[PDB]
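K.L.:
Starting off with a structure, shown below.
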Amino acid sequence: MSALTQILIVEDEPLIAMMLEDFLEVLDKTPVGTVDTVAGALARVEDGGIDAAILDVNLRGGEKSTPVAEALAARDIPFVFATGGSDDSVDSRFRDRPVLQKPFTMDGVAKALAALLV
């Protein structure tokens, strides 16, 4: 198998969550789990065995959520952010890193997954 197939997703919108699960399966990867709270994201990242993960700027209740992506930097795990028509308030501390936003094509997610190496 490839060096990158186990991927976690973190979203609070139904569409962006199911679209990311579909794109991993067609890339022969594996959506190993999905969560909508940061305590669930900290519980999933601690399980280990994950190759990369995706994270929205805010979860349910609109509360800020970066305790995991700071942990992905400590675990040297690659990461992508997620934004929207009003969730694009991503911190400049991660604007040097890839971010998915509005609905995307097969090439749009491949662009972010390539930035995990670039």
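Every chain in the structure tokens has a letter given in the order shown (A, B, ...), and although residue numbers restart at 1 in each chain, ligands are simply numbered from 1 in the order shown.
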What's the 7 Å shell around stretch 20-34 of chain A, counting only C-alpha atoms, without same-chain residues fewer than 6 positions away, as a tab-separated table (two decimals) with N, CA and C atoms, in the first residue's frame?
P.N.:
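Dumped everything to around.tsv:
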```tsv
chain	number	residue	atom	x	y	z
A	5	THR	N	-2.61	6.49	3.25
A	5	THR	CA	-3.95	6.00	2.98
A	5	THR	C	-4.89	6.15	4.18
A	6	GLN	N	-4.37	6.08	5.40
A	6	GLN	CA	-5.18	6.24	6.60
A	6	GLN	C	-5.37	7.73	6.86
A	7	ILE	N	-6.57	8.25	6.63
A	7	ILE	CA	-6.83	9.68	6.80
A	7	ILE	C	-8.07	9.92	7.65
A	8	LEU	N	-7.96	10.84	8.61
A	8	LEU	CA	-9.08	11.27	9.43
A	8	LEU	C	-9.69	12.54	8.84
A	9	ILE	N	-10.98	12.76	9.09
A	9	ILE	CA	-11.68	13.95	8.65
A	9	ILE	C	-12.36	14.61	9.84
A	10	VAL	N	-12.38	15.94	9.86
A	10	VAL	CA	-13.06	16.70	10.89
A	10	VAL	C	-13.85	17.83	10.24
A	106	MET	N	-12.09	16.20	-8.25
A	106	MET	CA	-11.11	15.17	-7.97
A	106	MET	C	-9.70	15.77	-7.99
```
K.L.:
Looking only at alpha helix (DSSP H) from DSSP on the backbone, list the matching residues of chain A as a VMD selection string.
P.N.:
chain A and resid 14 to 26 38 to 45 69 to 74 106 to 115
K.L.:
With only C-alpha atoms as the atoms that count, which of A:54, A:115, A:75, A:110 lies nearest to residue A:16?
P.N.:
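Among the listed residues, A:54 lies closest to residue A:16.
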K.L.:
Could you write out, as a PDB file with C-alpha atoms, in the first residue's frame, all the residues of chain A that DSSP marks as strand (DSSP E)?
P.N.:
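Final output, selection.pdb:
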```pdb
ATOM      1  CA  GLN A   6      -5.183   6.239   6.599  1.00  0.00           C
ATOM      2  CA  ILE A   7      -6.827   9.677   6.798  1.00  0.00           C
ATOM      3  CA  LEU A   8      -9.083  11.268   9.426  1.00  0.00           C
ATOM      4  CA  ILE A   9     -11.682  13.952   8.651  1.00  0.00           C
ATOM      5  CA  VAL A  10     -13.063  16.700  10.890  1.00  0.00           C
ATOM      6  CA  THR A  30      -9.277   4.910   3.640  1.00  0.00           C
ATOM      7  CA  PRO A  31     -11.501   7.286   5.658  1.00  0.00           C
ATOM      8  CA  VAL A  32     -10.533   5.776   9.031  1.00  0.00           C
ATOM      9  CA  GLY A  33     -12.987   8.010  10.914  1.00  0.00           C
ATOM     10  CA  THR A  34     -14.920  11.285  11.105  1.00  0.00           C
ATOM     11  CA  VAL A  35     -15.711  13.548  14.069  1.00  0.00           C
ATOM     12  CA  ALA A  52      -2.812  12.451   7.666  1.00  0.00           C
ATOM     13  CA  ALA A  53      -5.930  14.393   8.725  1.00  0.00           C
ATOM     14  CA  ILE A  54      -8.288  17.243   7.733  1.00  0.00           C
ATOM     15  CA  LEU A  55      -9.603  19.969  10.068  1.00  0.00           C
ATOM     16  CA  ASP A  56     -12.165  22.797   9.857  1.00  0.00           C
ATOM     17  CA  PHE A  79      -2.607  18.089   7.693  1.00  0.00           C
ATOM     18  CA  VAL A  80      -5.173  20.028   5.624  1.00  0.00           C
ATOM     19  CA  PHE A  81      -7.609  22.715   6.751  1.00  0.00           C
ATOM     20  CA  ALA A  82     -11.272  23.190   5.821  1.00  0.00           C
ATOM     21  CA  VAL A  99      -6.943  24.294   2.808  1.00  0.00           C
ATOM     22  CA  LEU A 100     -10.077  22.896   1.196  1.00  0.00           C
TER      23      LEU A 100
END
```
K.L.:
Would you list the contacts of residue A:77 as an mmCIF file with N, CA and C atoms, in the first residue's frame, taking every protein, DNA or RNA residue within 12 Å and counting only C-alpha atoms, but skipping same-chain residues closer than 5 positions in sequence?
P.N.:
```cif
data_model
loop_
_atom_site.group_PDB
_atom_site.id
_atom_site.type_symbol
_atom_site.label_atom_id
_atom_site.label_comp_id
_atom_site.auth_asym_id
_atom_site.auth_seq_id
_atom_site.Cartn_x
_atom_site.Cartn_y
_atom_site.Cartn_z
ATOM 1 N N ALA A 3 2.253 5.089 1.126
ATOM 2 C CA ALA A 3 2.697 5.617 2.407
ATOM 3 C C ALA A 3 1.673 6.591 3.001
ATOM 4 N N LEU A 4 0.520 6.746 2.346
ATOM 5 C CA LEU A 4 -0.518 7.661 2.795
ATOM 6 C C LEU A 4 -1.884 7.153 2.341
ATOM 7 N N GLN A 6 -4.368 6.076 5.403
ATOM 8 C CA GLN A 6 -5.183 6.239 6.599
ATOM 9 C C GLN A 6 -5.369 7.728 6.864
ATOM 10 N N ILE A 7 -6.575 8.252 6.626
ATOM 11 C CA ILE A 7 -6.827 9.677 6.798
ATOM 12 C C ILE A 7 -8.066 9.918 7.648
ATOM 13 N N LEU A 8 -7.956 10.841 8.612
ATOM 14 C CA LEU A 8 -9.083 11.268 9.426
ATOM 15 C C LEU A 8 -9.694 12.540 8.843
ATOM 16 N N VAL A 45 -6.835 11.197 17.076
ATOM 17 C CA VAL A 45 -5.425 11.386 16.748
ATOM 18 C C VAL A 45 -4.520 10.635 17.720
ATOM 19 N N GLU A 46 -4.983 10.437 18.960
ATOM 20 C CA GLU A 46 -4.212 9.747 19.979
ATOM 21 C C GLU A 46 -4.194 8.235 19.724
ATOM 22 N N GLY A 48 -3.463 6.936 16.993
ATOM 23 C CA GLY A 48 -2.303 6.735 16.139
ATOM 24 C C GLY A 48 -2.650 5.901 14.906
ATOM 25 N N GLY A 49 -1.627 5.547 14.124
ATOM 26 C CA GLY A 49 -1.793 4.741 12.921
ATOM 27 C C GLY A 49 -2.351 5.564 11.760
ATOM 28 N N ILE A 50 -2.640 6.849 11.995
ATOM 29 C CA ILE A 50 -3.163 7.739 10.965
ATOM 30 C C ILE A 50 -2.008 8.362 10.181
ATOM 31 N N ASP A 51 -2.177 8.496 8.863
ATOM 32 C CA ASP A 51 -1.132 9.008 7.984
ATOM 33 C C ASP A 51 -1.288 10.512 7.752
ATOM 34 N N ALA A 52 -2.524 11.025 7.822
ATOM 35 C CA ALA A 52 -2.812 12.451 7.666
ATOM 36 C C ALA A 52 -4.229 12.749 8.164
ATOM 37 N N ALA A 53 -4.592 14.030 8.277
ATOM 38 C CA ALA A 53 -5.930 14.393 8.725
ATOM 39 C C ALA A 53 -6.385 15.727 8.131
ATOM 40 N N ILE A 54 -7.687 16.010 8.233
ATOM 41 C CA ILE A 54 -8.288 17.243 7.733
ATOM 42 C C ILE A 54 -9.077 17.906 8.862
ATOM 43 N N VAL A 68 -5.670 20.018 17.876
ATOM 44 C CA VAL A 68 -5.244 18.825 17.163
ATOM 45 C C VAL A 68 -4.194 19.122 16.106
ATOM 46 N N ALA A 69 -4.368 20.188 15.319
ATOM 47 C CA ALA A 69 -3.438 20.489 14.244
ATOM 48 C C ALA A 69 -2.094 20.931 14.815
ATOM 49 N N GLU A 70 -2.105 21.475 16.033
ATOM 50 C CA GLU A 70 -0.874 21.781 16.745
ATOM 51 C C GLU A 70 -0.210 20.478 17.182
ATOM 52 N N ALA A 71 -1.023 19.450 17.452
ATOM 53 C CA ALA A 71 -0.520 18.138 17.801
ATOM 54 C C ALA A 71 -0.042 17.404 16.547
ATOM 55 N N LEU A 72 -0.636 17.684 15.378
ATOM 56 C CA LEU A 72 -0.185 17.068 14.136
ATOM 57 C C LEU A 72 1.195 17.605 13.763
ATOM 58 N N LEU A 116 0.721 18.334 0.860
ATOM 59 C CA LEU A 116 1.230 17.612 2.019
ATOM 60 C C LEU A 116 2.688 17.195 1.804
ATOM 61 N N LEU A 117 3.166 17.264 0.559
ATOM 62 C CA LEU A 117 4.549 16.947 0.215
ATOM 63 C C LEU A 117 5.277 18.207 -0.255
#
```
K.L.:
Could you please determine the separation between atom CA of residue A:13 and atom CA of residue A:84 in Å, to one decimal place?
P.N.:
9.6 Å
K.L.:
Atom CA of residue A:62 to atom CA of residue A:107: how many Å, to one decimal?
P.N.:
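These two atoms are separated by 28.9 Å.
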K.L.:
With only C-alpha atoms as the basis for distance, which of A:109, A:17, A:59, A:118 is at the shortest distance from residue A:41?
P.N.:
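Among A:109, A:17, A:59, A:118, it is A:59 that comes nearest to residue A:41.
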K.L.:
Can you tell me how far atom CA of residue A:112 sits from atom CA of residue A:98, in Å to one decimal?
P.N.:
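Atom-to-atom, atom CA of residue A:112 to atom CA of residue A:98, that is 5.3 Å.
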K.L.:
Choose the residue, out of A:14, A:103, A:85, A:61, that has the smallest atom-to-atom separation from residue A:38; count only C-alpha atoms.
P.N.:
A:61
